[PDB]
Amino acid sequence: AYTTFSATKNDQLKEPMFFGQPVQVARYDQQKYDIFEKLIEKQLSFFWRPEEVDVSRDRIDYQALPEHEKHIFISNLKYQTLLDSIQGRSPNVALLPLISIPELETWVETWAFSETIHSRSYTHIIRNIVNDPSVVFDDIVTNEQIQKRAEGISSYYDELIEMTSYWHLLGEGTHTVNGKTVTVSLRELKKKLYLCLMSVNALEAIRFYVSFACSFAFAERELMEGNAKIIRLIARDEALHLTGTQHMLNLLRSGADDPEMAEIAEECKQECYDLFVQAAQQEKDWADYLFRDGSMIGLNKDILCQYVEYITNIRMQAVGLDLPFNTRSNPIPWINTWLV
């Protein structure tokens, strides 16, 4: 049962965020949750074009970099490119078929679109600082180490899309498909979407911010100012994207939306905690590849592991989970100048 235009005249204020009737009329005169409408308007105010930022001094700054700082810069760029390539298409393929209220259907499409813009700014940077872009791009797919700190991100989205396809086609029940017993359960798909949403929150609120801090390290040295203007604009969109998932998650938790989602939130709490612990440790392991050829004066593995700890405690707090790391002050308060 998915349809692009459902023929039941319904009250779109009484639907859940997810799993109710597919949206048919897109109206903005009213909304169940104003925050998603606020976010769409704010994102639309931030419209920027990468191509209009000057990155010409960066080819000079980059070639003047020692090989090992050149490696730190490019591995960090590569991982940013991977993440927003996944973020450009995935909100639209994984969540959009499950949404039931229009402000959130348009928010998810606006958010996915702002990530296609970020992907365009990584082509803008790479093609100006490096001579054959294809050696950077091809290496993103094949690099054992980039796939390693990213382990689990596409997996999860792909598990959700498969389960949604099963539910849309067969409906709830225990079924026989090519002599295999397949059970489709809506409670389970709801657990799957809830955990998908906690992981999207960890990827935008932690993993992108650790990368941002590696980018602005150079801007503190007065290097790579074009790259830095772009990343500041990417950070500004990223704050909206994170506010979005934090509000979806906390509204699901309150029990004001779908009552089954509030029970799942409480029932899934340990899995939520563990995935943020998982994402933190993946970010800390990456440092071993990033500082492989030696580190930089303001950026080494001890600094990085300390900001990963710092930022995870903040992020887990904002969505009401127990803090895993011992409380500490911001290791790199210069990031404050450049951010969000």
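Each residue number is its position in the shown sequence, starting from 1.
Averaged over Cα atoms, the B-factor as recorded in the entry is higher for 265 to 273 than for the other of 265 to 273 and 190 to 198. Mean CA temperature factor is higher for 54 to 62 when stretches 54 to 62 and 41 to 49 are set side by side in the entry. When the C-alpha B-factors of 207, 168, 124, 148 are ranked from the entry, the top spot goes to 148.
Considering 103, 172, 132, 159 together, the PDB entry gives 132 the largest C-alpha B factor. Residue 176 sits in the lowest third of its chain by CA B factor, as recorded in the PDB entry.
Sorting the modelled residues of the chain by their CA temperature factor places residue 337 in the highest third.
Among all modelled residues in this chain, the alpha-carbon of residue 299 has a temperature factor (C-alpha) in the highest third. Ranked against the other modelled residues of its chain, the C-alpha B-factor of residue 331 as given in the entry falls in the highest third. Annotation for residue 224: CA B-factor lies in the highest third of the chain's modelled residues.
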